[PDB]
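The structure under discussion appears below in the form of structure tokens.
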Amino acid sequence: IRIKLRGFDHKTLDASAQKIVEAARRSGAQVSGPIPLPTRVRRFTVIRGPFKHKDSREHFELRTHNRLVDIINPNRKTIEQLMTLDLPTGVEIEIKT
Amino acid sequence: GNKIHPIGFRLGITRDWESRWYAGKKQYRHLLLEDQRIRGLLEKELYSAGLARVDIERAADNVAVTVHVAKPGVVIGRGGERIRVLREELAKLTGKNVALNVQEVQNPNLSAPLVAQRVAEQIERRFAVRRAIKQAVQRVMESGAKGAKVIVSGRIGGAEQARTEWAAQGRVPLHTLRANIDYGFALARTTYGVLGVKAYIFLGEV
Amino acid sequence: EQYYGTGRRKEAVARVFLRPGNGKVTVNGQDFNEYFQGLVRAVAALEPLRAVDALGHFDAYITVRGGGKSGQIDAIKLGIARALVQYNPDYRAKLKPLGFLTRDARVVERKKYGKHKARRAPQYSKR
Amino acid sequence: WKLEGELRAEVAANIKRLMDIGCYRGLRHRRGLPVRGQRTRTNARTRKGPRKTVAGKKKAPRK
Amino acid sequence: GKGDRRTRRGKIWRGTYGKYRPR
Amino acid sequence: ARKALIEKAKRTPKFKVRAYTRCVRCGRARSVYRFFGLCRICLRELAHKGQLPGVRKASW
Amino acid sequence: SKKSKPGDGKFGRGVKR
Amino acid sequence: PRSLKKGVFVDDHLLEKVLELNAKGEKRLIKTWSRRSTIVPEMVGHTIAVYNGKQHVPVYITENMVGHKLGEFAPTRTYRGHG
RNA sequence: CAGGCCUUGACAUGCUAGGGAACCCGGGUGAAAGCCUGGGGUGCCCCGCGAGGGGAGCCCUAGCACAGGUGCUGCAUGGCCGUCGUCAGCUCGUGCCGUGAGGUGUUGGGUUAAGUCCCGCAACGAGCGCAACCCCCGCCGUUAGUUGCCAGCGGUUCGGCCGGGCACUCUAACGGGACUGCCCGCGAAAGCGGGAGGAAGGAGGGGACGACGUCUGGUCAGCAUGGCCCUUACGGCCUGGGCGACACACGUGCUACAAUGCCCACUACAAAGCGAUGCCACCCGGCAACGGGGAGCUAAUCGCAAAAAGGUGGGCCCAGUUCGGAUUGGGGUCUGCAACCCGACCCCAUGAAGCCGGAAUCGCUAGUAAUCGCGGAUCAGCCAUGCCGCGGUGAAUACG
Ligand SMILES: [Mg+2]
Ligand SMILES: [Mg+2]
Ligand SMILES: [Mg+2]
Ligand SMILES: [Mg+2]
Ligand SMILES: [Mg+2]
Ligand SMILES: [Mg+2]
Ligand SMILES: [Mg+2]
Ligand SMILES: [Mg+2]
Ligand SMILES: [Mg+2]
Ligand SMILES: [Mg+2]
Ligand SMILES: [Mg+2]
Ligand SMILES: [Mg+2]
Ligand SMILES: [Mg+2]
Ligand SMILES: [Mg+2]
Ligand SMILES: [Mg+2]
Ligand SMILES: [Mg+2]
Ligand SMILES: [Mg+2]
Ligand SMILES: [Mg+2]
Ligand SMILES: [Mg+2]
Ligand SMILES: [Mg+2]
Ligand SMILES: [Mg+2]
Ligand SMILES: [Mg+2]
Ligand SMILES: [Mg+2]
Ligand SMILES: [Mg+2]
Ligand SMILES: [Mg+2]
Ligand SMILES: [Mg+2]
Ligand SMILES: [Mg+2]
Ligand SMILES: [Mg+2]
Ligand SMILES: [Mg+2]
Ligand SMILES: [Mg+2]
Ligand SMILES: [Mg+2]
Ligand SMILES: [Mg+2]
Ligand SMILES: [Mg+2]
Ligand SMILES: [Mg+2]
Ligand SMILES: [Mg+2]
Ligand SMILES: [Mg+2]
Ligand SMILES: [Mg+2]
Ligand SMILES: [Mg+2]
Ligand SMILES: [Mg+2]
Ligand SMILES: [Mg+2]
Ligand SMILES: [Mg+2]
Ligand SMILES: [Mg+2]
Ligand SMILES: [Mg+2]
Ligand SMILES: [Mg+2]
Ligand SMILES: [Mg+2]
Ligand SMILES: [Mg+2]
Ligand SMILES: [Mg+2]
Ligand SMILES: [Mg+2]
Ligand SMILES: [Zn+2]
């Protein structure tokens with residue numbers, strides 16, 4: 001009973017990692033606190049000008065962060081509770097066995 | 001030509017994106033087109049309302065466009081019927097369930113993107129450029145702002161020699177990241193070329 | 001039992017466990033004088049326990065990952081200096097006059113766009 | 001294997017062949033230019049030989 | 001030297017394998 | 001030779017080797033990222049605008 | 001008298017096509 | 001060079017123009033745009049007009065021009081030296 | 001560029017008249033494009049036991065309005081960039097001085113990386129800049145504990161493999177921490193010299209950030225855009241060629257001329273990234289490129305992946321050489337409709353110049369220069385020795 005969450009901004013990710021943990025800490029028991037997996041980063045280097053000025057570039061990153069959380073004891077009061085929660089738009093969720 | 005985009009410079013600090021979602025490598029881009037195509041329609045159709053910020057939220061197989069219009073009377077139309085014929089027009093591009101809010105404007109004289117369009121239209125309508133800039137910057141500071149800067153560039157008055165004209169009041173610290181600078185751009189077509197209009201409103205810091 | 005210290009120099013992280021005995025030192029299951037065979041800067045990692053004559057007093061079990069063998073040496077020399085004083089805090093003096101308590105924070109400066117390296121710049125010719 | 005003298009003879013017979021049929025590599029061998037698609041604007045010294053410097057386009061004067 | 005495809009040094013340079021730098 | 005080639009990129013071609021990326025915003029045939037479908041210019045334009053999810057001027 | 005640089009001898013026009 | 005596991009390459013549309021001639025007693029002056037075609041041992045004795053980007057160069061084929069592509073026998077740049 | 005082709009056109013809006021379609025599988029010619037073609041069979045609301053005839057996604061034939069132009073003008077323009085220059089500067093409001101342009105402030109003594117800050121003053125304040133808030137790195141804490149870790153006991157096919165545990169290492173989010181705060185010494189003060197604590201000291205190292213302006217700087221070929229220009233063609237499709245030419249000259253680089261080196265075998269130590277017609281473990285065929293089989297991974301788990309300089313061992317013996325690896329012959333491999341022009345790679349053979357570079361000239365002040373390898377974007381493949389990053393090893397010198 002495992003969930004992994006993914007997003008381009010931590011402060012959304014870190015937020016819905018909590019509000020998941022606690023919900024099964026509401027209908028317990030064992031909830032394995034949110035691990036911070038390593039951040040996978042995708043960069044873009046770009047000629048700053050539209051033409052010919054090659055030694056002037058500007059950088060850009062795109063970070064997907066990664067939080068994993070484990071609930072050891074199902075309690076079908078949370079395999080119910082969770083389905084209706086508050087997961088904002090910046091995040092994606094996968095659920096495991 | 002030197003200075004960096006004031007908004008691009010404060011994403012993650014003073015400014016939020018205009019699209020919020022995650023998508024995997026396999027179709028981040030496809031979404032991106034819809035978004036750009038979306039604002040295409042709305043900035044096209046809802047210019048007359050005075051459009052200021054299209055906020056596009058995504059979760060999965062649906063969408064929530066939030067339009068920030070100065071006169072929401074034009075958006076919703078005669079009895080939830082305009083906003084409908086467009087919420088229907090959006091499905092024909094989106095395909096997905098296109099959920100469309102209309103959000104009020106705080107004070108239009110504090111929307112840098114608005115000011116820009118108001119000035120660009122005045123220069124589009126043959127008004128004195130220098131005057132229109134001093135007037136615009138007055139109306140902002142009166143609306144309780146902490147600084148304002150408007151910049152016109154092009155064949156002002158139709159002058160063959162292109163020129164830069166600007167006016168600034170209060171304070172505008174573009175090097176300060178805790179400063180909250182609403183930036184906006186408007187383009188103004190004329191019989192003799194095009195003019196760019198940049199409007200800077202300083203809304204206070206954090 | 002054990003007096004521990006963490007060590008770091010330059011992406012290299014080492015974990016030191018000072019224990020009493022004859023003097024046997026060991027890094028990653030391989031012996032010390034094995035692991036650093038030939039690398040003439042080896043004796044340098046052990047210099048902390050000579051400033052307190054702890055040489056033949058102790059043994060050391062160690063782990064290293066990150067960097068290279070030299071960065072590991074300066075790491076070990078740090079963690080052992082930290083393990084030593086986290087065996088008794090009177091050792092602090094006579095270990096600070098010799099920079100043993102401080103971390104060598106020199107690191108690989110990043111390469112900058114418009115250059116060949118960090119500061120090495122491309123070659124010029126007016127015309 | 002075949003060697004010193006005969007190996008040269010076979011090399012020389014191959015090159016000879018290419019030129020006689022009139023193919024591209026054969027024409028590169030008459031003009032003695034590079035054969036394997038190198039640039040010729042600005043190297044080929046192994047294949048071209050010592051630089052035969054010639055005069056250039058005269059820079060206009062002032063005044 | 002690294003220009004010499006016919007050695008382990010040249011192969012590392014051109015980043016390939018063969019008789020002279022197998023994997 | 002612009003619009004006819006914006007169209008001709010979309011076509012599916014006699015051979016798959018004749019398929020090239022073009023910017024979906026401006027139509028540039030050079031320096032196009034497959035991740036965005038954008039050229040390096042447009043990329044930088046929409047980036048500074050915030051219209052690019054989770055994209056952010058890196059600095060380190 | 002046609003497209004782009006170099007000029008074909010008529011104002012504005014060049015040699016291409 | 002092409003993988004000999006794969007097929008020795010002719011465009012097919014030029015090879016049929018040949019075999020017919022062989023059959024109904026060759027030879028007409030055959031013109032093509034397939035510089036990339038390989039000289040095939042059937043072709044010997046014919047002359048093939050290969051386009052050089054500008055014109056169709058007459059090429060008479062002989063037993064020893066066999067390994068090659070037809071483009072090897074109609075060069076594309078005219079040079080004749082500086083001076 | 002040459003040739004062969006289309007003319008409301010490759011694409012957008014809208015109007016007509018006909019077929020009455022839609023769309024998906026063919027055939028003849030031709031390098032293809034194109035031209036000529038052959039099939040079947042569409043709702044939609046309808047008067048329907050009826051013959052059926054309308055109307056409507058959208059196709060096609062003609063015919064208009066129009067599309068198209070990477071054709072010109074960057075000296076008509078927007079946007080964005082270069083640059084002087086991260087240089088310490090540019091100004092405004094009111095007052096005061098001057099007939100006036102202007103001055104004052106911003107000058108002056110001291111100080112600072114700095115119009116930084118102190119004192120002085122017909123000036124008093126304010127804005128754009130500097131600094132600060134953002135990011136990476138260096139010490140510590142909290143929060144976490146799997147796919148990551150293994151301190152101390154239990155197994156153990158001896159691999160953290162299993163029990164187990166989250167101490168530690170790490171990962172990644174929120175905080176702390178340095179302030180010229182303290183001691184002395186100079187001084188009007190700002191600060192400056194030195195010391196102590198401390199991981200770090202005087203802005204700790206690095207980044208992002210670029211003032212009013214300059215250069216009628218760059219870009220009408222990314223895009224936008226005024227004006228000029230083309231209209232069976234300066235538009236559009238195609239096959240091929242060219243962008244890869246070569247008496248020559250210049251720039252930026254790669255590899256070297258060797259013994260502080262070159263070669264073979266064995267054996268160690270990184271970091272940042274990429275990866276479900278992708279990374280390819282592993283097994284076999286092949287001297288090899290590669291090929292066939294073939295597990296695992298939506299990836300802190302599986303893979304790219306071996307890092308290389310190093311260390312150990314042997315070989316060379318100062319030779320144009322076992323230095324150097326261009327050039328050419330031959331034989332293969334893969335990608336791709338296709339490698340003639342004009343691809344990378346593999347193996348046999350070949351084995352050029354080069355013995356440290358004339359006048360001249362470039363870079364770097366520390367984890368820097370030099371040296372060593374690794375990754376990514378683009379991309380079928382690749383001419384990348386380029387570029388943007390990553391860590392390994394690690395100097396010399398600064399009198400002035
Ligand atoms: Mg360069
Ligand atoms: Mg007119
Ligand atoms: Mg770190
Ligand atoms: Mg380095
Ligand atoms: Mg230059
Ligand atoms: Mg060439
Ligand atoms: Mg004269
Ligand atoms: Mg391609
Ligand atoms: Mg492309
Ligand atoms: Mg010319
Ligand atoms: Mg200009
Ligand atoms: Mg301009
Ligand atoms: Mg020009
Ligand atoms: Mg000045
Ligand atoms: Mg004044
Ligand atoms: Mg007066
Ligand atoms: Mg004055
Ligand atoms: Mg003063
Ligand atoms: Mg001044
Ligand atoms: Mg001054
Ligand atoms: Mg003055
Ligand atoms: Mg003065
Ligand atoms: Mg400074
Ligand atoms: Mg803990
Ligand atoms: Mg600053
Ligand atoms: Mg000019
Ligand atoms: Mg243009
Ligand atoms: Mg134009
Ligand atoms: Mg054309
Ligand atoms: Mg063509
Ligand atoms: Mg070129
Ligand atoms: Mg020269
Ligand atoms: Mg190079
Ligand atoms: Mg690789
Ligand atoms: Mg020799
Ligand atoms: Mg000689
Ligand atoms: Mg030799
Ligand atoms: Mg050799
Ligand atoms: Mg060959
Ligand atoms: Mg080729
Ligand atoms: Mg010698
Ligand atoms: Mg020298
Ligand atoms: Mg030299
Ligand atoms: Mg310096
Ligand atoms: Mg070397
Ligand atoms: Mg590389
Ligand atoms: Mg590639
Ligand atoms: Mg080449
Ligand atoms: Zn673009």
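Just so you know, these numbers use all the heavy atoms, side chains as well, and skip hydrogens, waters and symmetry mates. Labels below follow one simple rule: chain letters A, B, ... track the order of the sequence lines, proteins then strands, and each chain is numbered from 1.
- Under the Watson-Crick or G-U wobble criterion, with both distances below 3.5 Å, I:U106 has no partner in any strand shown.
- At a cut-off of 3.5 angstrom, the base of I:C269 holds no donor-acceptor pair with the side chain of C:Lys69.
- Pairing status of I:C387 against I:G376: a Watson-Crick or G-U wobble pair, both distances under 3.5 Å.
- Separating the OH atom of E:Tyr20 from the P atom of I:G325 is a distance of 15 Å, rounded to the nearest angstrom.
- Pair assignment for I:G363: none, as no Watson-Crick or G-U wobble contacts are both less than 3.5 Å.
- Using Watson-Crick or G-U wobble geometry with both donor-acceptor distances under 3.5 Å, I:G311 finds its partner in I:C266.
- For I:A271 with I:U231, the Watson-Crick or G-U wobble criterion does not hold with each of the two distances under 3.5 Å.
- A Watson-Crick or G-U wobble pair joins I:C323 and I:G354, with the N1-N3 or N1-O2 distance and the second distance both under 3.5 Å.
- Taking only distance into account, the side chain of H:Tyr51 meets the base of I:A2 through a donor-acceptor pair shorter than 3.5 Å.
- Under 3.5 Å, the side chain of F:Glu7 and the base of I:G68 form no donor-acceptor pair of N or O atoms.
- For I:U169, the base has no donor-acceptor partner in the side chain of C:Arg15 [N/O atoms by modelled type, under 3.5 angstrom].
- The 5' end of RNA chain I is approached more closely, in terms of each residue's nearest nucleotide, by H:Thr38 than by the other of C:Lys115 and H:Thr38.
- Residue-level contact check: E:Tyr17 touches the bases, meaning some heavy atom is under 4.0 Å from a base atom.
- The six-membered rings of I:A308 and I:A309 are stacked: centre distance under 5.5 angstrom, interplanar angle under 30 degrees.
- Base-pair annotation: I:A144 with I:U171 meets the Watson-Crick or G-U wobble criterion (two N/O distances, each under 3.5 Å).
- Looking at the side chain of B:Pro173, the nearest of the listed nucleotides I:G207, I:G129, I:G336 is I:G129.
- Between I:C390 and I:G373 there is a Watson-Crick or G-U wobble pairing whose two distances both come in under 3.5 Å.
- In the set I:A144, I:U73, I:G127, I:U73 carries the atom at the smallest distance from any side-chain atom of G:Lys5.
- Residue ring and base: H:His82 counts as stacked with I:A247 (centre distance below 5.5 Å, interplanar angle below 30°).
- Using a 4.0 Å heavy-atom cutoff across all strands shown, B:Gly154 reaches sugar-phosphate atoms only and no base atom.
- Here I:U7 sits opposite no nucleotide as a Watson-Crick or G-U wobble pair (both hydrogen-bonding atom distances under 3.5 Å).
- Pairing for I:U111 is absent, judged as Watson-Crick or G-U wobble with the two contacts each under 3.5 Å.
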* To do: Would you sort out whether A:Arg57 and A:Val46 count as a side chain to side chain contact (heavy atoms under 4.5 Å, CB included), showing the intermediate values?
  => CA-CA 5 Å; A:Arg57 335 266 198 91; A:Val46 144; 5.8 Å; no

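- For A:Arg57 against I:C388, no side-chain N or O and base N or O form a donor-acceptor pair under 3.5 Å.
- With hydrogens and angles ignored, a donor-acceptor pair closer than 3.5 Å exists between the side chain of E:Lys19 and the base of I:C287.
- F:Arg2 has no side-chain polar atom (N or O) that falls below the 4.0 Å cut-off from OP1 or OP2 of I:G222.
- Whole-Å rounding puts the C:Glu109 CD to I:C137 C1' distance at 11 Å.
- Here I:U321 is not matched with I:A189 as a Watson-Crick or G-U wobble partner, both contacts being required under 3.5 Å.
- Residue note: I:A203 shows a south-type sugar, the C1'-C2'-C3'-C4' torsion being below zero.
- Figure legend. I:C257 is base-paired to I:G357; pairs are counted as Watson-Crick or G-U wobble with both atom distances under 3.5 Å.
- Distance C:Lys117 NZ to I:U365 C1': 14 Å, rounded to the nearest Å.
- Atom CZ of A:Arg40 is separated from atom P of I:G275 by 7 Å (rounded to the nearest Å).
- C:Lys112 contributes no side-chain N or O that forms a donor-acceptor pair with the base of I:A208 under 3.5 Å.
- Residue C:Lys96 places at least one side-chain N or O closer than 4.0 Å to OP1 or OP2 of I:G197.
- Base pair annotation for I:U142 with I:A173: paired, by the Watson-Crick or G-U wobble rule (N1-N3 plus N6-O4 or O6-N4, or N1-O2 plus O6-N3, under 3.5 Å).
- Looking at D:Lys48, its side chain has no donor and acceptor atom pair within 3.5 Å of the base of I:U327.
- One can find a donor-acceptor pair under 3.5 Å joining the base of I:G367 and the side-chain atoms of C:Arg106.
- Within 3.5 Å, no donor on the side chain of E:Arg5 pairs with an acceptor on the base of I:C345, nor the reverse.
- Both distances falling under 3.5 Å, in either a Watson-Crick or a G-U wobble arrangement, place I:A370 opposite I:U393.
- Going from atom CZ of D:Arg41 over to atom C1' of I:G251 covers 12 Å, rounded to whole Å.
- When the nearest nucleotides of RNA chain I are assigned to A:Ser56 and E:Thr7 by heavy-atom distance, the more 5′-ward of the two goes with A:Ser56.
- In the set I:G389, I:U147, I:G222, I:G389 carries the atom at the smallest distance from any side-chain atom of C:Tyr113.
- Straight-line distance from the CD1 atom of F:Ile6 to the P atom of I:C223: 8 Å, rounded to whole Å.
- Closest contact between the side chain of B:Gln161 and the listed nucleotides I:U216, I:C140, I:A208 involves I:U216.
- Between I:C246 and I:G82 there is no base pair of the Watson-Crick or G-U wobble kind with both of its two distances under 3.5 Å.
- In this entry I:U231 carries a south-puckered sugar, per its negative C1'-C2'-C3'-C4' angle.
- If you check I:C250 for Watson-Crick or wobble pairing at under 3.5 angstrom, you find it has no partner at all.
- For the pair H:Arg77 and H:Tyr79, the cation does not sit on the ring face, since its NZ or CZ is not both under 6.0 Å from the ring centre and inside 45° of the axis.
- Judged by centroid separation below 5.5 Å and plane tilt below 30°, H:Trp33 does not stack onto the base of I:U239.
- Nucleotide I:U106 carries a south sugar pucker, as its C1'-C2'-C3'-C4' torsion angle is negative.
- Side-chain atoms of G:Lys3 stay outside donor-acceptor range of the base of I:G235, with no qualifying N/O pair under 3.5 Å.
- The two residues H:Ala74 and H:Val50 have their closest heavy-atom pair at CB-O, 4.2 Å.
- With the cut-off at 3.5 Å for both distances, I:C302 forms a Watson-Crick or G-U wobble pair with I:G275.
- Entry note: I:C209 and I:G213 fail the pairing test, Watson-Crick or G-U wobble at under 3.5 angstrom for both distances.
- Rounded to whole Å, the distance from NZ on C:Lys10 to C1' on I:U393 is 6 Å.
- In this structure, B:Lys25 is not positioned above the aromatic face of F:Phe35 in the sense of NZ or CZ being under 6.0 Å from the six-membered ring centre and within 45° of the axis.
- If you check distances only, the side chain of D:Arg36 does reach the base of I:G329 with a donor-acceptor pair under 3.5 Å.
- Within 4.0 Å of B:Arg163, counting heavy atoms only, lies no atom of the nucleic acid at all.
- Judged by distance alone, with hydrogens and angles left aside, H:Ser34 brings no side-chain donor or acceptor close enough to the base of I:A338 to form a pair under 3.5 Å.
- Remark: the A:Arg42 side chain and the I:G376 base include no donor-acceptor N/O pair separated by less than 3.5 Å.
- If you measure from atom CZ of D:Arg39 to atom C1' of I:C248, you get 14 Å, rounded to the nearest angstrom.
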